[PDB]
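# Reading the structure
Below are the chains, spelled out letter by letter.
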Amino acid sequence: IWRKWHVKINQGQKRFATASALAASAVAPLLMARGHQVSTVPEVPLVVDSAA
Amino acid sequence: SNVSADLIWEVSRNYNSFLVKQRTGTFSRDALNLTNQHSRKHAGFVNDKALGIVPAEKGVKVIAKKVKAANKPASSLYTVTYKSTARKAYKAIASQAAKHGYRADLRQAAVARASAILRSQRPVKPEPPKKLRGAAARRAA
Amino acid sequence: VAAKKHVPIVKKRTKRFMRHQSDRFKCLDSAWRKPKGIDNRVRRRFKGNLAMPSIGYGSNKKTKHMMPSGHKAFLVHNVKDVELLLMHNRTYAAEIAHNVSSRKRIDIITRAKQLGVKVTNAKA
Amino acid sequence: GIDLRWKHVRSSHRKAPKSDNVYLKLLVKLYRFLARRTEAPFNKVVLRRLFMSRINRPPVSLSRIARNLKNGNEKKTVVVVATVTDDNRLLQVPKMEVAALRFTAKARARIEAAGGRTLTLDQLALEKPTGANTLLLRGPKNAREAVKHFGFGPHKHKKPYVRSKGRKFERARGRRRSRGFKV
Amino acid sequence: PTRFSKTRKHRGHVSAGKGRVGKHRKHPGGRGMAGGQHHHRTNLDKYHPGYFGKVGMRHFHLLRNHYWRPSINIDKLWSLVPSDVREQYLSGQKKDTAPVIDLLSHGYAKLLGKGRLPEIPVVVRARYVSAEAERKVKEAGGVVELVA
Amino acid sequence: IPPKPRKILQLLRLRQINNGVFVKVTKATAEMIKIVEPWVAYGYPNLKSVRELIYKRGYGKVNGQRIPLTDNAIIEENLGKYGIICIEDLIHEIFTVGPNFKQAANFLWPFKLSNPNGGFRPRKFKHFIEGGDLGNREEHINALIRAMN
RNA sequence: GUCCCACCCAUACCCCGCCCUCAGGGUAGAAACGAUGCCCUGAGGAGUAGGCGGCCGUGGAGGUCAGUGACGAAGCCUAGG
RNA sequence: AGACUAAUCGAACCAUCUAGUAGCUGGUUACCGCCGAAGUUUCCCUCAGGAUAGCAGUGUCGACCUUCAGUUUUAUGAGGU
RNA sequence: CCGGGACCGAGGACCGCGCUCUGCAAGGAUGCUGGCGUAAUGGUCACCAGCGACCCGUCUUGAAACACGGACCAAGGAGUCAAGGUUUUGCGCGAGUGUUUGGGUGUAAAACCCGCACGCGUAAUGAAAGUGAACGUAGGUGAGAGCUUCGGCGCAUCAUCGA
RNA sequence: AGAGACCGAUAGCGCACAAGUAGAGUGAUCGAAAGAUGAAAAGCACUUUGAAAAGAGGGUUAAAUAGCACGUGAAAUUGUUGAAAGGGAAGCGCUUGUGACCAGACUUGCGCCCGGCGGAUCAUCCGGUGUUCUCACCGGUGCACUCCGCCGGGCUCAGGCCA
């Protein structure tokens, strides 16, 4: 039971990657290549006027 | 900037949802892909300018990409349907792709793809009955 | 339809490279295995024994992977997959998977005839 | 038979980067095209140095740059295919323009504060495709902790592997004539 | 990750890369540092010269707090003042005021002198000071004073 | 093969059976050949033999590659600076030992010959005087060249 | 015992085809490319103990094929492809 | 008589410490591609075994540095078979 | 200079070197004709015939051995894990670097945020008390990729003399 | 009490079952093997041969190729039927022959000329909309030497196997 289950990674590298993923969320060609169905959305950074 | 057509090819070079890879060759099931091959030249979803042909009920239907509205996908396709004549449809497609410098290298593939779709809407002839060579003796009884 | 013109096909070999001493014991399969014995007669290439596979038996790059008709096999599973062969009907041939139902089997064959794609296993 | 001493001998230098950075892949494509269709030797040297590993691209400092900015080199462009590091000893920073792979946070601020300009390897090819009026620089390759242990032996004056340092750890026999001999 | 390691490539090859004549037995040569003076002497003298013997006198109940005195050179002295104030002095806008640096508050006890110093008067308060460091700070107009 | 005669054969560029090269006889090279007696056979070529060999088996070393010589532009591009521009000049330089013999001879890749048509003598590893084939045979090497070419 | 003609055959030598390894070149005012691709040119291939590289299968986990199936999934037999 | 003490005696039977140690026997599981050895030097209660140097592979950098050589020629020394 | 025979046909618009120069044998085969369109060509399996072929694994200078293990089939069956070192490859920051002992928070063993100390590094040397790194544009000489106003300036690294 | 990148009946605790059981030893103590019919027993009435066990008909069921020796039913070993070989072993490698069985491919395609049938609509112009700003679509205008589909006849070229 004393094998190494969890791992440790630098907080600097965690923040780099989560910022890289956010940038790739604004690219429409990448969205289609991941299997999403966005053929009928007006703008790819979709924003709603706080109706919810 | 940090994004370009070349960068997107680097990210999606090895694996993407449209890839169909197996033995003897690889294919791509992409809407904007002519010849259905996996290559930078024919990858419609990465290039800024691309072409696509889809069969309609009577003729071909051609969609193109408008570079001005990349961030608005609901209105980023210029579509038109040709259902008048085979020769007339051929001329319009070639002019649409090689008169104003919009992917002039795709002129040959667009015409050929339209020719195949129209060829597939004709009535089919009946295949001749099969013959027997070694089982003829068995069926003689 | 007929396939593209190509150079003649040469195989360079037809036999199957059976495993040494697999014809005397029932516990050994016929799949080839490299003999690692220190004094094995096959590993030492004695005259009059089984041959060993080498890279010099490879086939021409032009005619590799193509069946005697001239096409290359492509495994399909439904009617949406066979439409991927629209532009490749003189180079590729379709083949229905073994777990496809009988009803979907005749739907695929009907669609493939419109496109002119040859089907290897259709008589069913 | 042919009676040769060597056969199927491979090359000895890297021919492509082992890293999978996407942006670095683009940078290699640009300079691979430039070296093929340009006569400037400056481009061929830059291409190979992009393949090298991290220990073969040691950092250079601001002080080392200021050292080579004398005797008529105040107007040339400094190109360093490596990282550039601020130096805490240098109190006054001269005016210069530098093209480097990357800068630290403090090095970038102090360069532009004096009235300089920081470039990029892609911008460098756009302004000076042939590398005219440039000088290349390297860091100290052998200034590494691991190198001091290389080639340990008698009469070599190298550094030994010890878990600690003190009078109880080695010294003694073989390090002084008072106990046997010396090395 | 065990899927890619050299033990997977040894399947099908007898003796698993350890040799036929020498068969990788249990413990040939002994356990640990056995044989330091008898049969492992040749390795223990080419490397590690000085394993055996006694040197120096011994100390009973050593307390390391009595020997705490970190040192700082003189060329890094100006890095102690904050950046915003530092640029004003070097640029030359004050002309009438001098800084007083407290080494103890930054965690130092001895002021060594190794590099050069610009000609601006300063005041340094240190527990210890070297002979060479006192001269350089004094010829720049400054003074060093012991603080305990 | 003993270690010393092996090194000499490497310096003569004879690393394969049935190879051939041209060398100019001096005191420096006569002693090298005399050491490797039981491995080589040599003699004096005539005009026909040197003419036939260059046309049929002539290959040139270009940038470290074996490029067959079929056009005069290949010879001029590499030997032009020494005054040789055609294939007749190359023959002239070799046959009549000229000032630029060394560069011309080294240009040609070592010749590769087939086994003789009529075969060798009954025992081919004695001296030519005893009844073998290896050694110096003077003008009698022309007959051997006809068969092997 | 000595001399002279003709003739027989090795995985060796010469010419040609094909496979792989190594080395050297060409390819963007892009009518462009699985740029890890394609085209042109040259040489080489025996091997225990041992070293390195590339690939094929088995039990599970995340993503994706809007994947197959009671009109028959998995499994098993088959000098049938 | 080293005899007998539950078919067990020159020191009974049962569980645990215990997976007791072994310089000694036996075994060690798919494929293809490239390179390719040693039984010799010095020390050890050492001689069926280890450390040390040698032979071997892989990763590279400095130049493409014009440097080199199990070779010959010419000049000039040493030797006691 | 004229005969006879055998094996082969790689490449796929034009470009080149040349000649006997309305053309050609000159950077790789084309032209005419006949029978058959199926078991005919071809492939698999069984048998006869010509030539070849000692039982595997292992220790050993040497194994087909009168050296050892092996009657047959199905399932199981052997370089693993942790702490501490070391060189090489990828990545983040860089004279600094490391959130997770602990606290705040949460859709709750996940994710996100915060800081005082502390570890390694920035300074060595002696048994010890102790002391503690610039004569010079951080030195002189010979080689050095690259740059250059063509005069020269000269990174990394190697040797050598000094502080 | 809640869970898992854990094992899936030679695995996982010795025990998924009347398991610390049956059994061995004077005794301390040692200690196994063994899960699965079908949705529902609807677990075969009645006739006939036999001393009986059971057999043959006939029944239930989607299925008895599920019958309390019961889901799926591999190999070693054996029976019947069919084919073949054999003068002190058998098996195997290279190359033909005979017999049995068998996968491919071919069975037309394009173009032109003549004749016949059917339809709306080829060039041109006007209006609206989109767009790569010069290229297109829709509505109207055409109205038979133009355009399109089909059928019949004639012609050129190419296309399977062995020579």
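A count of helices and strands for chain A gives two helices and zero strands. Computed over the C-alpha atoms, the radius of gyration of chain A is 18 Å, more than 25% above the 10 Å expected from 2.2 N^0.38 for a compact globule of 52 residues. Taken over the C-alpha atoms alone, chain A extends approximately 50 × 25 × 20 Å along its principal axes. Of all 52 residues assigned to chain A, the portion counted as buried reaches 10%.

This next bit is on the overall build of chain F. Looking only at helices and strands, one finds seven helices and six strands in chain F. In sequence order, chain F lays out its α and β elements as α-β-α-β-α-β-β-α-α-α-β-β-α. For chain F, the C-alpha radius of gyration of 16 Å lies close to 15 Å, the compact-globule estimate for 149 residues. Taking all 149 residues of chain F together, 28% fall into the buried category. Relative to all contacts within chain F whose residues are 6 or more apart in sequence, the contacts with residues 24 or more apart total 61%. Summing over all exposed atoms, chain F offers an accessible surface of approximately 9800 Å²; the carbon and sulfur share of this is 54%. When the 23 basic and 13 acidic side-chain charges of chain F are each reduced to a single mean position, those positions are 10 Å apart.

All names here are of chain E. Taken in spatial order, the three strands line up as β1-β3-β5 in an open sheet, and their pairing is parallel. Of all the strands in the sheet, just β1 (71–72) and β5 (128–129) have a single pairing partner and so form its edges. Bridging between strand β3 (residues 110–111) and β5 involves two bridges; their strand directions are parallel. Bridging from a neighbouring strand, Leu111 pairs with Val129 of β5.

For the rest of this paragraph, the subject is the protein's contact with RNA strand J. Residues in close proximity to RNA strand J total 23 residues, the closest being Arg87, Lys91 and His100 of chain B together with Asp23 and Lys118 of chain C. Here the atoms of RNA strand J within 4 Å of the protein split so that 71% fall in sugar or phosphate, with bases taking the remainder. The side chain of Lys66 of chain B places a nitrogen or oxygen atom 3.1 Å from a phosphate oxygen of RNA strand J. At a separation of 3.1 Å, a base nitrogen of RNA strand J approaches a polar side-chain atom of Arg133 of chain B. Residue assignment for the surface near RNA strand J shows that the elements contributing at least two residues are β5 (77–82) and α2 (86–98) of chain B. Sort the elements by how many residues they give to the surface near RNA strand J and α2 of chain B lands first, with five residues.

Once that is clear, we can look at the side chain of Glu170 of chain D. Relative to the helices and strands, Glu170 of chain D resides in the segment after β5 (134–136). One buried charge, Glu170 of chain D, has no salt-bridge partner; the nearest side chain with opposite charge is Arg171 of chain D, at 7.2 Å. Excluding anything up to four places from it in sequence, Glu170 of chain D contacts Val162 of chain D together with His48, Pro49, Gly50 and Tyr51 of chain E.

So, about the UniProt feature "binding site: Mg(2+)" (unreviewed entry) in chain F. All names here are of chain F. UniProt marks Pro122 with the feature "binding site: Mg(2+)" (unreviewed entry), using the numbering shown here. Locating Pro122 in the fold gives a position in the loop between β5 (111–112) and β6 (135–136). On the basis of relative accessible area, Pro122 is assigned to the exposed category, the value being 86%.

Relative to the assigned elements, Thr40 of chain A resides in the segment after α2 (28–33). Here the alpha-carbon distance between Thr40 of chain A and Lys8 of chain A, two residues 32 residues apart in the chain, equals 42 Å.

By size, the foremost hydrophobic cluster in this structure holds 28 residues, and its most contacted members are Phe74 and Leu85 of chain C. Mapped by element, the contributors of at least two residues to this core are β4 (60–65), α2 and α3 (107–119) of chain B together with β1 (72–76), β2 (92–96) and α2 (102–115) of chain C. Here this core gets four residues from one element, more than from any other, and that element is α3 of chain B. What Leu85 of chain C contacts, discounting residues up to four positions off in sequence, is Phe27 of chain B together with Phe74, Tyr92, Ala93, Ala94 and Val117 of chain C.

Moving on to the pairing of strand β1 (residues 19–22) of chain B. Residues and elements named next belong to chain B. The sheet contact formed by β1 and strand β2 (residues 25–28) spans four bridges and is antiparallel. Counted as the bridge partner of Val20 is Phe27 from β2. Counting the residues in the hairpin turn of β1 and β2 gives two residues, including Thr24, whose phi is positive at 70°.

Our focus in this paragraph is the interface of chain D and chain E. In this complex, chain D contributes 16 residues to the contact, which on the side of chain E involves 21 residues. When the two sides are added together, the surface that chain D and chain E hide from each other amounts to roughly 1700 Å², 51% of it contributed by carbon and sulfur. A per-residue breakdown of the area chain D buries against chain E is headed by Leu91, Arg167 and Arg173 of chain D, which together make up 34% of the total. Here chain D and chain E share one salt bridge between them. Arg173 of chain D is the partner of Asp45 of chain E in a salt bridge, and the nearest nitrogen-oxygen pair spans 3.8 Å.

With that out of the way, let us pick up the protein's contact with RNA strand G. Around RNA strand G, the structure places 59 residues, and the nearest of them are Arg29 of chain B, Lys61 and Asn99 of chain C, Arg36 of chain D together with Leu113 of chain F. Contact between RNA strand G and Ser11 of chain D: a phosphate oxygen at 3.3 Å from a main-chain N or O atom of the residue. Contact between RNA strand G and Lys6 of chain E: a phosphate oxygen at 3.5 Å from a side-chain N or O atom of the residue. Counting residues per element, the ones that place at least two in the surface near RNA strand G are α2 of chain C, α1 (22–36) of chain D together with β4 (65–68) of chain F.

On to unusual backbone geometry, then. With the exception of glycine, the majority of residues adopt a negative phi angle, and the majority of peptide bonds are in the trans configuration. If you check the backbone angles, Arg171 of chain D has positive phi at about 60° while not being a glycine. Along the chain, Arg171 of chain D falls in the segment after β5. We note that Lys95 of chain E has phi near 65°; this positive angle belongs to a residue other than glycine. Residue classification places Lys95 of chain E among the exposed residues on the basis of a relative accessible area of 68%.

What follows covers α2 of chain C. Because each turn of an α-helix spans 3.6 residues, side chains separated by three or four positions end up pointing in the same direction. Residues and elements named next belong to chain C. Taking 1.5 Å per residue as the helical rise, α2 with its 14 residues ought to reach 20 Å, and the 21 Å between its terminal C-alpha atoms agrees with that figure. Tucked into the core, α2 has its buried residues touching α1 (79–82) and β2. By the N-cap criterion, in which a side-chain oxygen at the helix start approaches the backbone nitrogen of a residue two or three places on, α2 is capped by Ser101, the distance to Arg103 being 3.4 Å. Where α2 ends, the next residue or the one after it, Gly116, has phi of about 75°, a positive value.

A word on the environment of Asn71 of chain D. Residue and element names in this part refer to chain D. With respect to the helices and strands, the residue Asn71 is situated in the loop between α3 (62–67) and β2 (77–85). What makes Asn71 exposed here is its relative accessible area of 79%. When the C-alpha atoms of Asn71 and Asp122 are compared, they prove to be 29 Å apart, with 51 residues separating the residues in sequence.

The next subject is the packing of α2 of chain B against α3 of chain B. Residues and elements named next belong to chain B. Running from N to C, α2 and α3 point in directions that differ by 155°, and their axes come no closer than 9 Å. On the basis of their axis angle, the class for α2 and α3 is roughly antiparallel. Where α2 crosses over α3, the handedness of that crossing is right-handed. Within the contact between the two elements, α2 uses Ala86, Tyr90, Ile93, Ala94 and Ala98 and α3 uses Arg107, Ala110, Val111, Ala114, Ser115 and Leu118.

For the structure shown, the criterion picks out seven aromatic pairs over all chains. When the ring of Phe18 of chain B is compared with that of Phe45 of chain B, the centres are 5.6 Å apart and the planes differ by 65°; the resulting orientation is edge-to-face. Here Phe18 of chain B, found in the loop between α1 (5–11) and β1, pairs with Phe45 of chain B, found in the loop between β2 and β3 (51–55); they are 27 residues apart in sequence, far enough to count as distant. Each of the two residues, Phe18 of chain B as well as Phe45 of chain B, counts as buried. Ring pairing ties together the aromatic residues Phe27 of chain B together with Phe74 and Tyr92 of chain C, which thus form one cluster. For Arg66 of chain F, the ring lying beneath its charged end belongs to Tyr59 of chain F, and the centroid distance is 4.0 Å. Of note, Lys81 of chain F hangs over the ring of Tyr82 of chain F, and the distance from its end group to the ring centre comes to 5.2 Å.

Conventions we followed
Counting starts from 1 on each chain and follows the sequence as written, independent of the entry's numbering; residues without coordinates are not shown. Written order determines the labels here, with chains lettered from A and ligands numbered from 1. Each value listed here was derived from the chains shown, which are themselves a piece of a larger assembly. Side-chain metrics rest on all non-hydrogen atoms present in the structure, leaving aside hydrogens and water. Labels follow the DSSP assignment, with helices taken as runs of H or I lasting at least four residues and strands as runs of E lasting at least two, numbered in each case from the N terminus. For the radius of gyration, the atom set is restricted to C-alpha positions; the globular benchmark scales as 2.2 Å times the number of residues to the power 0.38. Only protein chains enter the calculation, and the probe is 1.4 Å; a residue is then buried if its accessible area is under 20% of its type maximum, exposed if over 50%, and partly exposed in between. Residue contacts are counted whenever heavy atoms from the two residues lie within 4.5 Å of one another. In these tables, accessible area is a Shrake-Rupley quantity obtained with a 1.4 Å probe, and a residue counts as shielded only by the protein chains included in the view. When charges are counted, neither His nor the chain ends are considered; positive counts come from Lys and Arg and negative counts from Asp and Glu. Every charge is mapped onto a representative atom, which is NZ of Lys, CZ of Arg, CG of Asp or CD of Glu. A pair of strands counts as paired when DSSP detects no fewer than two bridges linking them. Here, proximity means that at least one heavy atom of the residue falls within 4 Å of the molecule or strand. Any pair of nitrogen or oxygen atoms within 3.5 Å is treated as a polar contact; in protein, a donor-acceptor pairing is required on top of that, and neighbouring residues in sequence qualify only through side-chain atoms on both sides. We count a salt bridge whenever a side-chain nitrogen from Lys or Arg sits within 4 Å of a carboxyl oxygen from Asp or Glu. UniProt positions are given in the numbering used here, feature names are shortened, and annotations may be inferred rather than shown by experiment. By convention a nonpolar core is built from buried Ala, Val, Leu, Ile, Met, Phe, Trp, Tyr and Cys residues, the set being connected through side-chain atoms within 4.5 Å. Two parts placed together each lose some accessible area under a 1.4 Å probe, and adding up what both lose gives the buried area. Every helix has an expected span of 1.5 Å times one less than the residues it contains. Comment: axis = line fitted to C-alpha atoms, over the contacting stretch for helices; angle = value between 0 and 180 degrees taken between N-to-C directions. For classification purposes, angles smaller than 35 degrees are called roughly parallel, those larger than 145 roughly antiparallel, those between 65 and 115 roughly perpendicular, and all remaining angles oblique. Handedness of each helix crossing follows the sense of rotation of the near helix against the far helix: counterclockwise by less than a right angle gives left-handed, clockwise gives right-handed. Planes of paired rings set the category: under 30 degrees apart is stacked, over 60 is edge-to-face and the rest tilted, where pairs are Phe, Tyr or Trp rings (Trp by its six-membered ring) whose centres lie within 6.5 Å. Placement of a positive charge over a ring is assigned whenever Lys NZ or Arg CZ falls within 6 Å of the ring centre and within 35 degrees of the normal to the ring plane.

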